[PDB]
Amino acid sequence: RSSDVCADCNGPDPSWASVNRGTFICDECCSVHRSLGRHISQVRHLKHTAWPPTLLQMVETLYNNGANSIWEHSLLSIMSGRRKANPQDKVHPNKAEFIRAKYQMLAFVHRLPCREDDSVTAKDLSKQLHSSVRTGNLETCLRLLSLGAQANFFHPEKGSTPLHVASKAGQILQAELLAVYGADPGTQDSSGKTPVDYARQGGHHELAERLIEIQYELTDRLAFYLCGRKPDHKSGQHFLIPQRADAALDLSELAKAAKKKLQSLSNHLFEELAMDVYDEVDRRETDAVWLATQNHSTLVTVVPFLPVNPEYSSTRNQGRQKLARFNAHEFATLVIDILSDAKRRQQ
């Protein structure tokens, strides 16, 4: 029912999804989404590539069961200065101002997400999630999370994360939603076991296979960006180091120096760098899907580098945007060295 229309303008027949928001949107509204940055909206075209079946099932289930009502709660007190956009509204400023108010400013939500320093409310909301996830209500879970529930939260008394619970219950859409808000399939409970483990123990094998795909999402995406293939996780090899183009020539001295510098980063900083490279990959990839889906009109009429994430420093953001300066060969070199060392660091 809800799938027929854009969540942001009511425009018919939408082509993109905002995965973290569980909404389908049209092209125009997407073009504004892409400018907000992944920390606000994570965009993916619905028909251009195959999705993991259960990731798309999750987004479409969420949107058909009141996801948009969390984000538009205030509207549902109706005033003349706060009006939802209509399909024929100009992208600038009509649709844009609305979308930024919907998702960036969180203008229409029932209650804003608690401040990060709010330990007691964060804990309460998080214990609700860690219970709620056992059942199959995705709307409650998105609601809790929007309020500031933490998906990788560790229950001090029960000894487990929401992802453990969903996994032992076979709640795969829940697992999927939680992983979007960065739940970790590799986190051990107090008894030393991963959500992957609870899945297999429960006889939920596709979910187990899916959790492992989620574990390796970052490196899988980097490998695909250069090969058009991903590791075969059922085979047991979990990485895929693409070959460099200059493979017939000896490695140059600055290339060796660059990689030395990269290996020098602590695991924590390295994983931060890889998220950055992940984001740029996702940008360069979406750029091409954009040009492949858009009509000649819309294009010949966003941003040429990663959007600013306000929760990052000006330095972090500068490095992230510096990634757009990389030419194909430079970028491929960074991606290959990040892949071969993600592997090094895990053995």
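Counting begins at 1, following the sequence as shown.
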item: Size class of the missing deposited segment between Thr301 and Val302; value: 1 to 3
item: Count class of deposited residues lacking coordinates, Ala255 to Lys256; value: none
item: Given 105 to 113 and 270 to 278, the range whose Cα B-factors average higher in the PDB entry; value: 105 to 113
item: Stretch with the greater mean C-alpha B-factor as recorded in the entry, comparing 162 to 170 against 83 to 91; value: 83 to 91
item: Per the PDB entry, maximal CA B factor within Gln263, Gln243, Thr121, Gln215; value: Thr121
item: Identity of residue with top Cα B-factor, from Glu176, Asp220, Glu209, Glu157; value: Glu157
item: Ranked C-alpha temperature factor of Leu144 among modelled chain residues, by third; value: middle
item: Relative C-alpha B-factor of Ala50, binned into the chain's lowest, middle or highest third; value: lowest
item: CA B-factor ranking of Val180, expressed as a third of its chain; value: middle
item: Chain-relative CA temperature factor third for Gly66; value: highest
item: Within-chain third of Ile78 by Cα B-factor, per the entry; value: highest
